[PDB]
Each structure stands twice: as C-alpha cells, then as structure tokens.
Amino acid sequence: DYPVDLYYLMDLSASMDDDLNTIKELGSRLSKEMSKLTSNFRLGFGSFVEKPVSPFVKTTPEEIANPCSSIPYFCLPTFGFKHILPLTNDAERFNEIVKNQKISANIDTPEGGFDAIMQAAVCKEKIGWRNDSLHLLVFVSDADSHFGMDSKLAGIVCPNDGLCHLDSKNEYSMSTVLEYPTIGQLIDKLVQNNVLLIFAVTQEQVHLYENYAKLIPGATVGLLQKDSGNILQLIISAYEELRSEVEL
C-alpha cells in the first residue's frame, strides 16, 4: 500500500473529441479501481494542443478565433498547455471538469505535448505532487510531438529552461517564448521530480513513443484506442507494471 499521484495530460485536438466523450466518468471509475490497490489516490487534469503561433497554427483573425472553420465546426482557439485540475481526492471534481472540456483545433501534425510534460513535471505546487507518493503522468495523445528546435520555424530560439511558467490562469505563459524541451531536458526534469511518464498513444504513435521511452527512465508506453476506450485498463496495467521494477 503506497500513495499514488495521477496527472491526466490529454491532447485536446479535435480528433480527441470522441475520446473526451468516453472519459466522461473515468475519474470515479479509476479511483474505484485504485481503491483496491492503494488507500491514497489523487488524480488531476491538464490539457494541451500546440504553440499558438505561425506556422504551427493558421493566423488569420478568423482562423485564430476558430481553427475549425474547415470541418465546419466551432472549436476553441489553439492553446499550449492548460493545467485545469490539481491532483485531488475528489473523483467527481475530475468528472465535471472532463465534461466541461472542449476540443481545440483539428491538428494532424505533431503537437506541443513536450511543453506540457515539462510543466507538469516541474510545477510541483501547482500540479500538486505529494512528496512521498508515486508520481504518474499519463500522456494521452493521438499525434507525434514537437521537440527542441522545432520552434525555430516560429522564430522561437530561446531554449527551454525547465522552470514553471503558469500564469495564474494555470496556462503556460512561455508557450510562444521558449523552445520545446529536448528529450535530454525532459529526462533531467522527470528524474529530479520522480515523475513516471506513461505514453498512452494510438497505434500509429506507439513505436515512435516506445523509442522515446527507451531513452527516458521510468517511462512506459500503452497502445491507446482511437476513442480512448481502454485508457482505464492502460493506466492500471501501467501502474502495476511500474509497481514491479525488475530492471535488468
């Protein structure tokens, strides 16, 4: 028996809209299962899409206001990383927050997940990581990720500093200022903050993120279904996987 922290970090591109519909009651269902395995479980929520700058995002006034004018559908303007829910014991609070989320742009390119992973690992007080507990960071996405100097296309040439940049609205305020973290920078911060990174990604992304995880200590990869239908089982499996570190 050991306390567990879970931070749900979800891709909110339009392709994750059906995933959102299936997670509507994941919070209460997950804390019911974790109740079997531990007595102290706390879950939180955050979301991400991409750096809201050219060329990663169309930049006419209308396309900024609605990056889904092509569906045609109403969706939120692209955003970098929103930290919605600090990890808490209230599973119902997780439910209503999920039911109130809305998908942003309909991206089919790599995304800015690494920015959010960095913020989730580093912002200890904001995300709410407990000192003596397992830190599980679940990364839910159906797309590849941008890293490092990919932001050079946007004129973003200041490297990531690995500091916490949440602007009171719990939004990443350096999304347009700093570069995407590098894998070496993520490794450095995930290890220092004792964060176990779970890549719950769809089939086209599994092998790619497998290779990323093989460089990142404590990282694992789970094959996520297109509507996130198996995310509950993936989290329990990953938790029980990390709970037995053979490590030869």
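Numbering starts at 1 and follows the sequence shown.
Stretches 172-180 and 126-134 differ in mean C-alpha B factor, with the higher average recorded for 126-134. For the segment pair 43-51 and 61-69, the entry gives 61-69 the higher mean B-factor, averaged over Cα atoms. Set against one another, the Cα B-factors of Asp115, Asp144, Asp150, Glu92 in the record reach their highest point at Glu92. Among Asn211, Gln192, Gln205, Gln185, the highest C-alpha B-factor in the deposited entry belongs to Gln192. In the PDB entry, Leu223 places in the lowest third of its chain by CA B-factor.
Placement of the Cα temperature factor of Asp161 within the chain: middle third of the modelled residues, per the deposited record.
In the PDB entry, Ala105 places in the middle third of its chain by CA B-factor. In this PDB entry, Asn230 carries a Cα temperature factor that places it within the middle third of its chain's modelled residues. In this PDB entry, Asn21 carries a Cα temperature factor that places it within the middle third of its chain's modelled residues.
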